[PDB]
C-alpha cells in the first residue's frame, strides 16, 4: 500500500536507520558499485571493438558459389565411390553425404545404405568411422 512509485520495504527502512550514518554508507556503496559497473562496460566495449576489427571483411573472400544440381535417380560408379567415402568421413549424417555427391537426395542416400550394405561392407565402414 505505498504511493505508486514510492519505494519503502521494511528491509530497506531498517538498513537506512540501523545506524547514525547508515544511509550515507548505503548510498556511498551504491555509487561506487555503479562506478565499477561502468568501468567494466568500458573494458568490454573496447575488447569487443578490437574483435569487430578482426572480422573486417566478413567471410566474403571465402564463400563459394552455390551450384544447384538436378537430383538424379541413377547411381554412377563415381557417385557410389563418393558415397562410400562420405560414409567413411561423415557416418550416418545423411545430409552431409547428399551434399557431397550433389545429385542424390537424403532418401536416396538412406536407401543406398541398405542396398549396398552387403557389397560395400557399409557396416565395416561405419565401424571404421567410429574409431576416430
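Residue numbers count along the first chain shown, from 1.
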On average, are the C-alpha B-factors higher in 61 to 69 or in 39 to 47? 61 to 69
Out of 79 to 87 and 52 to 60, which stretch has the higher average CA B-factor listed in the record? 52 to 60
Pull the Cα B-factor of residue 25 out of the PDB entry and bin it into the chain's lowest, middle or highest third. middle
Of the three thirds of the chain ranked by Cα temperature factor, residue 107 occupies the highest
Going by the entry, which third of its chain does the Cα temperature factor of residue 125 land in? middle
Quick check on the deposited entry: does the C-alpha B-factor of residue 9 sit in the lowest, middle or highest third of its chain? lowest
